[PDB]
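Asker: Okay, handing you the structure first.
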Amino acid sequence: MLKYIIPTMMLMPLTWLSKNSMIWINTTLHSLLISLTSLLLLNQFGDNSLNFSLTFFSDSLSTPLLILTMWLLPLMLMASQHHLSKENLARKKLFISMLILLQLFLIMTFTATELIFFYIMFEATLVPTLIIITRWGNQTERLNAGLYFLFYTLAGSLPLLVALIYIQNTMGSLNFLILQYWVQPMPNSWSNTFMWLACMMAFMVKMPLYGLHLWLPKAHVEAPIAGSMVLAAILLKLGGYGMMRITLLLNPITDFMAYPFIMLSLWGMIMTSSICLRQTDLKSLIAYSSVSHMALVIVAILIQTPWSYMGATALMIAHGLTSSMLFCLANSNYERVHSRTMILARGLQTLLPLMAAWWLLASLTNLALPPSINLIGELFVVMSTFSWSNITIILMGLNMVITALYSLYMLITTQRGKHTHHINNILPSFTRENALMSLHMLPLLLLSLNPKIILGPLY
Amino acid sequence: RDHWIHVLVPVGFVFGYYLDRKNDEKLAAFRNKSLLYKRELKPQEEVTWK
Amino acid sequence: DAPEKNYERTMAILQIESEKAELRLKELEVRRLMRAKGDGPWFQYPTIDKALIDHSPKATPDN
Amino acid sequence: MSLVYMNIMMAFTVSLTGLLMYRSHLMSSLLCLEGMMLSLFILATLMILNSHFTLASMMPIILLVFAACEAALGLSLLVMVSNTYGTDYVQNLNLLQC
Amino acid sequence: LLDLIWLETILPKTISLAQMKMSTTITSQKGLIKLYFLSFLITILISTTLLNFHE
Amino acid sequence: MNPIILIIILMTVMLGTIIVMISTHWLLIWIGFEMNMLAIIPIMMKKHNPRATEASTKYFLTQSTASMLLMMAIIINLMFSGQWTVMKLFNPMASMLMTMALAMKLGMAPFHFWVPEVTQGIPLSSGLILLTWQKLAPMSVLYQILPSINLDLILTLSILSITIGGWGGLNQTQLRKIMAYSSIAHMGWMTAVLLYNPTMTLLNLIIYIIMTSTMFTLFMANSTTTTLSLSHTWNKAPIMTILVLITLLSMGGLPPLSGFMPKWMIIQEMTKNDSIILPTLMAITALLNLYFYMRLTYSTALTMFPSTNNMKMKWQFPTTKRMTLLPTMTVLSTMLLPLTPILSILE
Amino acid sequence: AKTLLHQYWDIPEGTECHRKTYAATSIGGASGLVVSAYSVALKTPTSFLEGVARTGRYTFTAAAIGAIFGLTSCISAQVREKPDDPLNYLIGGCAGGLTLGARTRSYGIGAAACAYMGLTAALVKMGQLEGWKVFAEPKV
Amino acid sequence: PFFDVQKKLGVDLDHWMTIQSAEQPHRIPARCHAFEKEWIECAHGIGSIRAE
Amino acid sequence: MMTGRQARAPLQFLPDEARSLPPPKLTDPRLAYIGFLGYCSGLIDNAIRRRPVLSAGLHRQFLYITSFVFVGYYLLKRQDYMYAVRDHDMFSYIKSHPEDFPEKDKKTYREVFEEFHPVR
Ligand SMILES: CCCCCCCCCCCCCCCCCC(=O)OC[C@H](COP(=O)([O-])OCC[N+](C)(C)C)OC(=O)CCCCCCCCCCCCCCCCC
């Protein structure tokens, strides 16, 4: 994995030694070169994971998250270069440094062979995210949002530290490859109950779990566009990655510990989606949609059937692409009206037709239109949870109604109807913005041709 | 060089690729010793992989 | 990479990490026994050096 | 143990609680502190004279001298307090609550 | 009701008000040397008589 | 002060601490503490205002009381052991009194009640000495008497120091009191891992001294003693805001920084000893310390508070202050976690 | 007061209600006396009458919390016939929290003290069951 | 930290006043010289944990 | 923990038997990281005094790199020494106490019965 970590670190001299007008073009070019290089991780086998060293390996779960992560950096650089154009050159280089450093932490978070190194990188991802939100966020509430984002994650994860060090003392190792073969069944006790909670609640917060999700409609909304892209597209999916790693060590206790949390998700996706029907802030509507979509990933990991893991990792990759594009579309209208009120700018298909078509495609992938990998993940999770209990389809199916309802209302409020009269600074769509939308949507639609690469280690 | 900055990240790949190969020889204890892939060495060949 | 290379490299990784895990378990057991019995080189909390004792004939004999 | 050690330890605790429960003055506090030092002198002296451990007979003198020097330091501190407020009252020493 | 009030009430706001209130009770000291040494005497008495840390 | 007299007085402070470190007799331990206090008193009264004299009076009273309890513990040790070796203590009463005396010297709760006062009353350099160098000698004696330290006593002092030093700094706007309550919390962290593994005690002491020296050196470089004066730094010295950012994110124990290193290792030596509740509660209580560190970083680095007009004059004068070891300490207090197994040099 | 906890925990649950209630009452009264001592220490009352009033108020508050805790936990463990069950101490801890809310004359503090003291008393019962140690002896 | 400067440099700063069984002026024995000599020669080298 | 081991020969940074151990190479990744810390110290020293960060004081940056590599080399030597002493004491203690470390009967999974828990 050292053929990826070293170019990501060489992106630091590539942004701090660049000419003052070349610091976006060079970082975009070489980050796209790293993203083209990321395809070598697709050397996956049906039996063995691509095991590099004592420190790094990459199975078919971590590989699509890595390719999405290394792809997301050029898209964040294209997204965040317009509103940081009047910024000081040193703070501009510091912003690019925080994005590069966050990618650097993420690519060795997903390839951590050992779990306490996973913890160190997993909590290392807080600090560039916290600095990006609380420094380049636009409104007043970025400080409070950074506080909530920091202290939900740390309060969930400092018991995870004690739990992982307890596994290191008990089993002898926190290598995942060793613990595939030295896993002991976890019996029923209160000690093993709080063992389970300490191993799970950090990732429950990072997914987020319903009831614990209060950081997210502040952290995703008060962030800048690159912060919202990396928080929605990757940093939620650390929780699903970590749960899929750590429920190896939590059997058969998960079979009766998952019962409340599944309820919290199966009801939570009914609530948060319903919250999306009454959100006046468009960016908050996309945030609660992200909560509603990650509730299915929580359910699928907690029922721990193969169809559920295949659908959950397909839903993670698909929601990363779709939610990143929806935040970028909301930014494309925020850079024209300078407000996030959804009812303010209306009728935008009369003025911006191709950008309305990008809104249309992002809304159709949001509502899981087949054969998108959104629908492949959604459908496979629904199959596995019908196998879990035959009544859950009601909570699934009603969700698939409400998920349609706000996905098109967002399309009807913003793009359709009569245009707002007094708003006259609606510029034509830049080539940069349509490039951003196309680089989100075209990989998402190409993955419908060959979806087996985003279906996880048990395809 | 007039464009010396466009070789920081590619050479950082190449060097990094080199280190990966450099680590493979440090994990070569079971080379031609696995119960699945052990075999007699072909003529003019000293290692099965590098 | 060849599947041979990944396979045998994985066997090397698993041997090294299994050895380190067994050595950490032995390390915990050794520390527990040496704190319990005090007979090993660790947890040797210091006592008085008997080289400080004056073994000369003192002023009074009853000592 | 011996019965005089009871009284010397109890004297140390009496002067402790006097030094740990101020009334008003810093001078009365330093008096209780030097009573503590005096009781330590008496107790170390009675041990060292008891056990006939010869080399420690220079020990309480040292315990005097350092601590008497310590008393000098405290007296000078008191004087600086009395060069601000006119008294040595401990309730005037509350500028560091905020 | 839930995700602007109650789930916001139980976890972050109750804990934040608890930490604020304990912080205002700890640092509400009057700076008096007499009171600190009287607290030290109460400390030594509870450590000896009430907790038996001298045994 | 005469600089020759300043050099002799600082060498006498260092001499008293070294005499505590290198001696095998209890009277020389007591002599080292007496010499250390007697020499550090003028460092506190350097600027000659009533806050320094009040702070020196409070420091004298607490350290004199601790020295008397120390000598009483030594005298009871001579009662019940007949000898003077600096080693384990041969009476639980002498062990309790010496643990109390060293807790009073460190400022561990509930004997913490002099640390935010005195550090407020004295200059930043003398507070640096008080919070870094004056923690060395009692932790050395606690290192050497740990076969006789009562477990419940040292753990009560540790958790009470961590909780009270956590709830102290949340109400604080004065930087020296923030460093004082941070001192109380970190001394609780040091003494909690004491009876389990004193190498991690030494690691926590060294990393804390590095981070505290970094923060006081930044405070002396920027000449700021309040939060609201530290908030003027971005308009004067923008690099110093980045330095206080990374150092305060280090002091909260946030990975991948070096201040995550001690407490993690402390947990790494407490779950071995089947204590799971106690390092969990300690780690959750450290979030309070991290909260007021985040408050300081919000005021200084991550936002821009309004400055005044006269700051435009200070744009024309570079810093002529001897910021000794500030790049070295700033690098060591942030980027040292990949060198975590270096801790075996403290074994 | 280490033996206060020992004369509390030696009796099995749901067997002798009056002595368990008295032992928890004495534990709460001792904790109230400690808090009263530090409270009249760090904050000087205006008179000796105010000092004995604060001491009696804090002591009776904490002792009533302990009394209703021990009473409610013992009666719940009798009516359920499940002594090795932390739901009994969950009910008793919510009873002690409502006692604290009644003494502090507030509902919100009562509900918060119910929740947190119930989870705390449940954790204490689980620690007595599975042998969780807070002041663990050094072993390795 | 016990920086044993005395054993490293070979100097005798404070070991002489440490025990009663040490070299006393004019060969004066303590009243418990034999008992302390026996306890020290028993407990020497074996560590405190074994020596208790 | 090992304070009785390094008490017969106190205040030795590297003892004589430390020379039995192989020293770290000069291309040690840890030593390269400490040299990187020296470079970062040089850049921060130029940044705090308002100097050109890459340009000013190449002699000073080179002494930063040299001094940190020099200190860190001996720190890494002592580190490797103390972990080798840890393992030496461990292995000598296991060899000297066979009764505390019995050889376990390693049973294959044809005899080993694990309870099966179906996930459905
Ligand atoms: C984001 C906010 C919510 C975060 C929730 C985090 C998870 C919730 C539960 C955490 C419990 C604490 C960590 C447990 C680690 C268990 C490791 C282990 O070995 O356990 C077995 C051990 C058992 O000990 P043992 O394993 O040595 O025993 C040997 C085995 N037997 C039992 C057979 C003898 O458990 C314990 O020792 C105690 C476990 C419970 C600890 C209770 C204290 C903490 C209370 C909850 C705090 C929750 C977060 C607080 C902050 C909230 C926000 C401000």
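Using ideal geometry, Cβ is built from the backbone for each residue, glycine included, and neighbour counts are taken over all protein chains shown. Every number in this text was worked out from the coordinates using simple rules, so none of it is lab data.
Asker: Tell me whether the range F:263-276 contains one or more residues that are of a type in the set (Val, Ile, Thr), more than 16 Å from the ligand (Cβ to nearest atom) and without any contact (Cβ under 8 Å) to a residue 40 or more places away in the chain. Give the derivation first.
Answerer: First pass over the range F:263-276, keeping only residues of a type in the set (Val, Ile, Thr): F:266-267, F:271, F:276.
Adding the requirement that they be more than 16 Å from the ligand (Cβ to nearest atom) leaves none.
No, every residue in the range F:263-276 fails to be of a type in the set (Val, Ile, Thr), more than 16 Å from the ligand (Cβ to nearest atom) and without any contact (Cβ under 8 Å) to a residue 40 or more places away in the chain.
Asker: Next up: Select, from G:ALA77, G:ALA67, the only residue that is away from the ligand (no atom under 16 Å from the Cβ) and touching a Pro at 6+ places or on another chain (Cβ under 6 Å). Quick ask: steps written out before the conclusion?
Answerer: Details: G:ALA67 fails: touching a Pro at 6+ places or on another chain (Cβ under 6 Å).
So the residue among G:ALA77, G:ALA67 that is away from the ligand (no atom under 16 Å from the Cβ) and touching a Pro at 6+ places or on another chain (Cβ under 6 Å) is G:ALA77.
Asker: Additional query: Would you check if F:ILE40 is under 20 Å from the mean Cα position of the chain (by Cα), within 14 Å of chain H (Cβ to nearest Cβ) and not acidic (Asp, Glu)?
Answerer: So F:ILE40 does not fit the description; no.
Asker: While we're here: With respect to F:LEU290, is the statement that it is within 19 Å of the chain's Cα centre (by Cα), within 8 Å of another protein chain (Cβ to nearest Cβ), on the phi < 0 side of the Ramachandran plot and within 14 Å of the ligand (Cβ to nearest atom) true?
Answerer: yes
Asker: Here is a list of conditions, (1) more than 9 Å from every other protein chain (Cβ to nearest Cβ); (2) touching a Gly at 6+ places or on another chain (Cβ under 8 Å), and F:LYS177 meets all of them except one; can you say which number that is?
Answerer: (1)
Asker: Additional query: Is it the case, given these coordinates, that A:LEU50 is more than 13 Å from every other protein chain (Cβ to nearest Cβ), farther than 30 Å from F:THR303 by Cβ, crowded, with 22+ Cβ neighbours inside 10 Å and of a type in the set (A, V, I, L, M, F, W, C)?
Answerer: no
Asker: Checking A:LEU177 against (1) part of a helix (DSSP H, G or I); (2) aliphatic (A, V, I, L, M); (3) out of contact with any strand residue (DSSP E or B) (no Cβ under 8 Å at 6 or more places or on another chain), which single condition isn't satisfied?
Answerer: All conditions are met except number (3).
Asker: Separate question: Can you spot a residue in the range I:17-30 that is surrounded by 14 or more Cβ atoms within 10 Å (Cβ to Cβ), more than 14 Å from chain C (Cβ to nearest Cβ), closer than 30 Å to C:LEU33 by Cβ and in contact (Cβ under 8 Å) with a residue 40 or more places away in the chain?
Answerer: At the first step, the residues of the range I:17-30 found to be surrounded by 14 or more Cβ atoms within 10 Å (Cβ to Cβ) are I:18, I:21, I:23-24, I:28, I:30.
Narrowing the set further to residues that are more than 14 Å from chain C (Cβ to nearest Cβ) leaves I:18, I:21, I:23-24, I:28, I:30.
Now narrow it down to the ones that are closer than 30 Å to C:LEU33 by Cβ: I:18, I:21.
Going one step further and asking which of them are in contact (Cβ under 8 Å) with a residue 40 or more places away in the chain, we end up with I:18, I:21.
Yes, because at least one residue in the range I:17-30 is surrounded by 14 or more Cβ atoms within 10 Å (Cβ to Cβ), more than 14 Å from chain C (Cβ to nearest Cβ), closer than 30 Å to C:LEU33 by Cβ and in contact (Cβ under 8 Å) with a residue 40 or more places away in the chain.
Asker: Oh, and also: For E:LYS30, indicate whether it is away from chain D (no Cβ under 13 Å), basic (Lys, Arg) and either assigned to a helix (DSSP H, G or I) or more than 16 Å from the ligand (Cβ to nearest atom) (or both). Break it down into steps so the answer makes sense when it comes.
Answerer: Details: away from chain D (no Cβ under 13 Å): no; basic (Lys, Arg): yes; either assigned to a helix (DSSP H, G or I) or more than 16 Å from the ligand (Cβ to nearest atom) (or both): yes.
When the stated conditions are applied, E:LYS30 does not pass them.
Asker: Only one residue in F:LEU102, F:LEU97 is buried (at least 24 other Cβ atoms within 10 Å of the Cβ), of a type outside the set (S, T, N, Q), part of a helix (DSSP H, G or I) and touching a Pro at 6+ places or on another chain (Cβ under 7 Å). Which one?
Answerer: F:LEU102
Asker: Among G:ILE68, G:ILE75, G:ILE109, which is more than 14 Å from chain E (Cβ to nearest Cβ), farther than 30 Å from D:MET21 by Cα and without any contact (Cβ under 8 Å) to a residue 40 or more places away in the chain?
Answerer: G:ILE68
Asker: I've got another one for you. Taking interchain pairs and intrachain pairs at least six residues apart, which have beta carbon atoms under 7 angstrom, with the first residue in the range E:7-26 and of a type outside the set (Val, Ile, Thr) and the second in a helix (DSSP H, G or I) and within 12 Å of the ligand (Cβ to nearest atom)?
Answerer: Every condition considered, the pairs that remain are E:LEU7/A:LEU214; E:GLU8/A:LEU214; E:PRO12/A:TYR148; E:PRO12/A:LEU214; E:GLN19/F:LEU288.
Asker: Hand me the list of helices (runs of 4 or more DSSP H) wholly inside chain H holding 2 or more residues that are more than 9 Å from chain C (Cβ to nearest Cβ). If you could, list the steps in order and put the result at the bottom.
Answerer: Values: elements: H:5-9, H:33-43, H:48-51.
In chain H, H:5-9, H:33-43 are the helices (runs of 4 or more DSSP H) which contain 2 or more residues that are more than 9 Å from chain C (Cβ to nearest Cβ).
Asker: Here's something else I'd like to know. Looking at (1) closer than 29 Å to F:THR330 by Cα; (2) within 9 Å of another protein chain (Cβ to nearest Cβ), which one does I:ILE94 not meet, given that it meets all the others?
Answerer: In the conditions (1) closer than 29 Å to F:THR330 by Cα; (2) within 9 Å of another protein chain (Cβ to nearest Cβ), I:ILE94 misses (1) alone.
Asker: Which is in contact with a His (Cβ under 7 Å, 6 or more places away or on another chain), more than 10 Å from chain D (Cβ to nearest Cβ) and in a helix (DSSP H, G or I), of E:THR9, E:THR25, E:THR48?
Answerer: E:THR48
Asker: Enumerate the pairs (first residue in the range F:57-71 and farther than 13 Å from D:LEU33 by Cα and facing chain D (nearest Cβ under 8 Å); second residue anywhere and of a type in the set (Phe, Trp, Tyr) and outside any helix (DSSP H, G or I)) with beta-carbon separation below 6 Å, excluding pairs fewer than 6 apart on the same chain, so at least 6 apart or on different chains.
Answerer: Qualifying pairs under 6 Å: F:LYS58/F:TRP114.
Asker: Could you tell me how many of the residues in the range G:12-49 are under 16 Å from the mean Cα position of the chain (by Cα) and closer than 30 Å to G:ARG80 by Cβ?
Answerer: Matching residues across the range G:12-49 total 17.
Asker: Criterion first (touching a residue at least 40 places away in the same chain (Cβ under 8 Å) and more than 20 Å from the chain's Cα centre (by Cα)) does F:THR319 satisfy it?
Answerer: Considered against the rule, which asks whether it is touching a residue at least 40 places away in the same chain (Cβ under 8 Å) and more than 20 Å from the chain's Cα centre (by Cα), F:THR319 comes out as yes.
Asker: Any idea how many residues of the range G:124-140 are free of Cβ contacts under 8 Å to residues at least 24 places away in the same chain and near the ligand (Cβ under 10 Å from one of its atoms)?
Answerer: Result for the range G:124-140: 7.
Asker: Filter the range G:114-133 down to residues that are of a type outside the set (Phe, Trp, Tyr) and in a loop (DSSP other than H, G, I, E, B) and give me whichever is nearest to the other protein chains (Cβ to nearest Cβ).
Answerer: G:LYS133
Asker: Follow-up. Scanning the range A:169-200 for residues that are of a type in the set (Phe, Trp, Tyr) and surrounded by 16 or more Cβ atoms within 10 Å (Cβ to Cβ), which turns out farthest from the ligand (Cβ to nearest atom)?
Answerer: The residue in question is A:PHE176.
Asker: If you don't mind, there's one more thing I want to ask. Could you check the range F:111-191 for helices (runs of 4 or more DSSP H) lying wholly inside it with 1 or more residues that are farther than 25 Å from E:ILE46 by Cβ and without any contact (Cβ under 8 Å) to a residue 60 or more places away in the chain?
Answerer: F:136-144
Asker: I:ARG120 versus (1) farther than 30 Å from F:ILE242 by Cβ; (2) of a type outside the set (A, V, I, L, M); (3) away from chain A (no Cβ under 14 Å); (4) over 31 Å from the mean Cα position of the chain (by Cα): which is the lone unmet condition?
Answerer: (3)
Asker: Which of (1) surrounded by 21 or more Cβ atoms within 10 Å (Cβ to Cβ); (2) more than 10 Å from the ligand (Cβ to nearest atom); (3) among the aromatic types (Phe, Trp, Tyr) is the odd one out, the single condition A:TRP215 does not satisfy?
Answerer: Of the numbered conditions (1) surrounded by 21 or more Cβ atoms within 10 Å (Cβ to Cβ); (2) more than 10 Å from the ligand (Cβ to nearest atom); (3) among the aromatic types (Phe, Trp, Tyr), the odd one out for A:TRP215 is (2).
Asker: Would it be correct to say that F:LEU218 is touching a helix residue (DSSP H, G or I) at 6+ places or on another chain (Cβ under 8 Å), surrounded by fewer than 24 Cβ atoms within 10 Å (Cβ to Cβ) and either aliphatic (A, V, I, L, M) or farther than 21 Å from F:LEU131 by Cβ (or both)?
Answerer: The answer is no for F:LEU218.
Asker: For the range G:42-59, check the following and say yes or no: at least one residue is within 14 Å of chain F (Cβ to nearest Cβ), surrounded by 19 or more Cβ atoms within 10 Å (Cβ to Cβ), more than 16 Å from the ligand (Cβ to nearest atom) and not acidic (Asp, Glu). Spell out the reasoning first.
Answerer: Just the residues of the range G:42-59 that are within 14 Å of chain F (Cβ to nearest Cβ), to begin with: G:42-43.
Adding the requirement that they be surrounded by 19 or more Cβ atoms within 10 Å (Cβ to Cβ) leaves G:42.
Then drop every residue that is not more than 16 Å from the ligand (Cβ to nearest atom), which leaves G:42.
Next, only the ones that are not acidic (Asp, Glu) stay: G:42.
Looking through the range G:42-59, at least one residue is within 14 Å of chain F (Cβ to nearest Cβ), surrounded by 19 or more Cβ atoms within 10 Å (Cβ to Cβ), more than 16 Å from the ligand (Cβ to nearest atom) and not acidic (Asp, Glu).
Asker: Something else about it: Restricting attention to the range A:123-164, report how many residues are more than 12 Å from the ligand (Cβ to nearest atom), more than 7 Å from chain F (Cβ to nearest Cβ), more than 20 Å from the chain's Cα centre (by Cα) and without any contact (Cβ under 8 Å) to a residue 60 or more places away in the chain.
Answerer: 1
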